[PDB]
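Peer 1:
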Amino acid sequence: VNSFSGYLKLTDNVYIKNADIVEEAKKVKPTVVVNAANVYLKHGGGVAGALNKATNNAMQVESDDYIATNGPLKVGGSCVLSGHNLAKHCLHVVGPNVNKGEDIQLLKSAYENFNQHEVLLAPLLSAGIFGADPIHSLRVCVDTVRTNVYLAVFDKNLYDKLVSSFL
Ligand SMILES: O=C1CC[C@@H](c2ccccc2)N1Nc1ncnc2[nH]c(Cl)cc12
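Heads up, the final residue of the sequence shown is numbered 1191 in UniProt numbering, and it's a clean run with no missing numbers.
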């Protein structure tokens, strides 16, 4: 077993909790924490800003070196970097930002990256400041990810709505 606790099971492989992913990561120290990244790995706000702050900006320093070497990610893409003090690894995943004119169909591709990892602690991709409907996103997650995913949803009101209206 592992050190996750307090999660509501949604399917064979998807679990969910009303929690801050940053606090969940510090407590569990999972193998993989997912960051809700942008293509530039500029971790300004939301999950990305909060994770980076918890690493004392080390995530940003590492990310800037990654971009200087490799260039930007693709929308729907990902890269594996250090988890710093929060996890062994951080999987930086770019969901489409609907406010940036990006294809919502790329959300499925974004979640497909989770399948390369047996277990992950993750946020809902493209939710929050990325502008997509979190209910939709949960549906895409459940219908796309086959590995074991532990979702942290920080917003209590949304968690209650997602968990109660989940099909
Ligand atoms: O709860 C949700 C639902 C989707 C996403 C979101 C994206 C864009 C705008 C609002 C919300 N989100 N944020 C977080 N999820 C987990 N841990 C977190 N920690 C901190 Cl800080 C924030 C945070």
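Virtual Cβ for every residue (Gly too), placed ideally from N, Cα, C.
Does DSSP put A1176 in a helix, in a strand, or in coil?
Peer 2: The answer is strand: DSSP assigns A1176 an E or B state.
Peer 1: What alpha helix (DSSP H) runs, 4 residues minimum, are completely inside the segment 1142-1189?
Peer 2: Correct list: 1158-1168, 1180-1189.
Peer 1: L1075 and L1110 look like a contact to me (Cβ under 8 Å); what is the Cβ gap, rounded to whole Å?
Peer 2: Right, their Cβ atoms sit about 7 Å apart.
Peer 1: Based on Cα-Cα distance, which residue from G1101, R1163, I1153, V1122 lies nearest to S1133?
Peer 2: The option with the nearest alpha carbon to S1133 is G1101.
Peer 1: At a cut-off of 7 Å, would you count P1120 as near ligand 1, judging by its Cβ distance to the nearest heavy atom?
Peer 2: Outside the cutoff, so no.
Peer 1: Quick check: what's the CA-CA separation for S1150 versus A1092?
Peer 2: Their backbone Cα atoms lie some 25 Å apart in a straight line.
Peer 1: Which word fits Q1129, buried or exposed, when buried means at least 16 other C-beta atoms lie within 10 angstroms of its C-beta?
Peer 2: Label assigned to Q1129: exposed.
Peer 1: Nearest CA to the CA of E1048: which residue from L1032, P1158, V1122, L1145?
Peer 2: Measuring from the Cα of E1048, the nearest candidate turns out to be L1145.
Peer 1: Nearest CA to the CA of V1071: which residue from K1185, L1175, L1191?
Peer 2: Checking every option, the nearest Cα to that of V1071 belongs to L1175.
Peer 1: Between the C-alpha atoms of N1181 and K1098, what's the straight-line distance to the nearest angstrom?
Peer 2: Taking the straight line from one Cα to the other gives about 31 Å.
Peer 1: If you follow the alpha helix (DSSP H) that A1049 is part of, which residue opens it and which one closes it?
Peer 2: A1049 -> alpha helix (DSSP H) spans 1045-1052.
Peer 1: Take the Cβ of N1059 as the centre, count every other Cβ of all protein chains shown within 10 Å, and call the residue buried at 16 or more, exposed below.
Peer 2: Per the 10 Å Cβ criterion, buried.
Peer 1: Identify every run of the beta strand (DSSP E) within the segment 1027-1086, keeping only runs that are complete inside it and at least 3 residues long; order them along the chain.
Peer 2: The segment 1027-1086 contains these whole beta strand (DSSP E) runs: 1038-1042, 1056-1060.
Peer 1: Is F1178 close to ligand 1? I mean its beta-carbon at under 7 Å from any heavy atom of the ligand.
Peer 2: Under cutoff, so the answer is yes.
Peer 1: Does at least one heavy atom of ligand 1 sit under 7 Å from the Cβ of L1182?
Peer 2: Checking the Cβ of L1182 against ligand 1 gives yes.
Peer 1: Taking the alpha helix (DSSP H) that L1131 falls in, what are its first and last residues?
Peer 2: 1130-1136 is the extent of the alpha helix (DSSP H) around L1131.
Peer 1: Which one or two residues does DSSP pair with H1113 in a beta bridge?
Peer 2: Answer is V1056, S1106.
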